[PDB]
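In the form deposited in one PDB entry, a lone chain appears below as structure tokens.
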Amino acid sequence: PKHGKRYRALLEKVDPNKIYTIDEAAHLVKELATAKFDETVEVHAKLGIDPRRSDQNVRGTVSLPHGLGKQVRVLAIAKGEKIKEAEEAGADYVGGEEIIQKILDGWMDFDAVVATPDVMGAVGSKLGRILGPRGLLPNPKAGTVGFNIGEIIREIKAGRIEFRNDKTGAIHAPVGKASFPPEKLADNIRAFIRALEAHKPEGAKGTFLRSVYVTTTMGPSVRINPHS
């Protein structure tokens, strides 16, 4: 078989040709998470954009009302008085701009990296090759750069997520854990969808949310009506 028996059993619980309401899907996804850990709940959208047109990029952040249900280890890079701000805001690690390389050596255990704009030259210059292709390079457009570094850090530790369309024109985000109560998943799903809509490019043609699905780390998908 393509898939093992656990997966095949889950597949029987979803009607592949049905478009579910968000409320139904939020209940259903809880039964689609039988792998041996608390699985992540995901939302995917095929977007009505031309992904090869810079002016139709979809990229941003959204604070999920119920968070991600996971720890996010944040590294901050800062200079001057901003180091203390980063540290007092709860970053797991805060390095001065001048010690970047030592981060590279092996002190590199984090889920997210933030910086202030005035260290970004050092950051890019010395960290870009590594961080960039791992989705960890701070960028203003991704909400991971700014002088409000304390606020950024707090938002990330409170379950803000990033989203950015891939170059096929699809987009994806984690939005909670399968062990969440269903109405909390429902809230998080809608929050993400609202954020996507808030980021529909002005020049995008046709239906924006062409398809939207909810799914779990190791389970099948459920197609949803994003407007419910």
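Numbers follow the displayed sequence, beginning with 1. Just so we're on the same page, rigid core means the largest C-alpha set that superposes within 1.5 Å between forms. Shifts are known only where both forms have a C-alpha.
The protein also exists as the form deposited in another entry; that form is not presented, and the subsequent description refers to it.
In the other form, the CA atoms of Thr216 and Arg134 move farther apart by at least 3 angstroms compared with the shown structure. If you compare C-alpha positions, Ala115 and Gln56 are 3 angstroms or more farther apart in the other form than in the form on display. Taking only residues common to both forms and fitting on the rigid core, the CA shifts of 2 Å or more between the shown form and the other one cluster into a single run of 3 or more residues at 69-157.
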